[PDB]
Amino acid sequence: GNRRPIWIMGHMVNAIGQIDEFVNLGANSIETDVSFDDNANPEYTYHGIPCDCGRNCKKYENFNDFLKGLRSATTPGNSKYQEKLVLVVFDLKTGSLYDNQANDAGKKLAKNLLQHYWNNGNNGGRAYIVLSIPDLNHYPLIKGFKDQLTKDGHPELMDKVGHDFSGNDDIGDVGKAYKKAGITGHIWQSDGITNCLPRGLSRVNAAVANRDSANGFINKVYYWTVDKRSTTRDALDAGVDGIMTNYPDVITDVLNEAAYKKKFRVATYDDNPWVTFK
């Protein structure tokens, strides 16, 4: 059959200069951490210690500066345009917020993305965006984000927006969270653990099983963080759609192996990230 399109997701891409670094190593997507201030406004692209093994944890930007850089990287005609960069996952570090600030945080995020990434609809960045939320109880962030885009007069940008709950919750609990949020597509399911620790495939297999069932709710599955060729082959063998990595070149090398070239290909802008692969 057709090759499954694969997102090679650069991990912890939090300084503007790292966007090119990861894309030039083969990533067609990046993951960026978003810290929030005491008012639920996005503040920095900052992960902080502890972080993945082998990585500097403290590179960061003002969030809106990063967005402007991401916009340059994803706007056709810009001198820094990277046609290959087609998906950005924002790892929303909402751990610092009270639960009743989740909706507010979504609204503030939408205002920043609209102003600095989508440029108020004037020739903005073209990448698809995943809002990745680590706590199922923060699902009201999604409605806040959508209602703010709608108030500002750009509800159509939701077409470029998808969803992830990154806490490794039980898959049934995840689906109930989406049901409470009223979400019925554009769903990515993360599964994983820091590259510092070992992990098995039980939950990622269960996520794949949900995605490929007739009435599942997951559209795409990605495994993180994968820095080794053998783990990459395992995750591809299990049928994932995305691999998050500190080393995009390692993933690329496996995908260029002859047996994997026949079954996978690097996703491009015309691969809709919200559509389950068949």
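Quick note: we count residues from 1 along the sequence shown, nothing fancier.
Relative to its counterpart among 24-32 and 42-50, 42-50 has the higher mean temperature factor, C-alpha atoms as listed in the PDB entry. Taking the mean C-alpha B-factor of each stretch as recorded, 240-248 and 225-233 are not equal, and the higher mean is that of 225-233. Of the candidates 162, 200, 144, 134, the deposited coordinates give 200 the top C-alpha B factor.
In this entry, the residue among 105, 86, 177, 130 with the greatest C-alpha B factor is 177. In the deposited entry, the Cα temperature factor of residue 114 sits in the bottom third of values across the chain's modelled residues. Residue 218 sits in the highest third of its chain by CA B factor, as recorded in the PDB entry. In the PDB entry, residue 155 places in the middle third of its chain by CA B-factor. Among the modelled residues of its chain, residue 101 has a C-alpha B-factor that falls in the lowest third according to the deposited record. Per-chain ranking of the deposited C-alpha B factor places residue 1 in the highest third.
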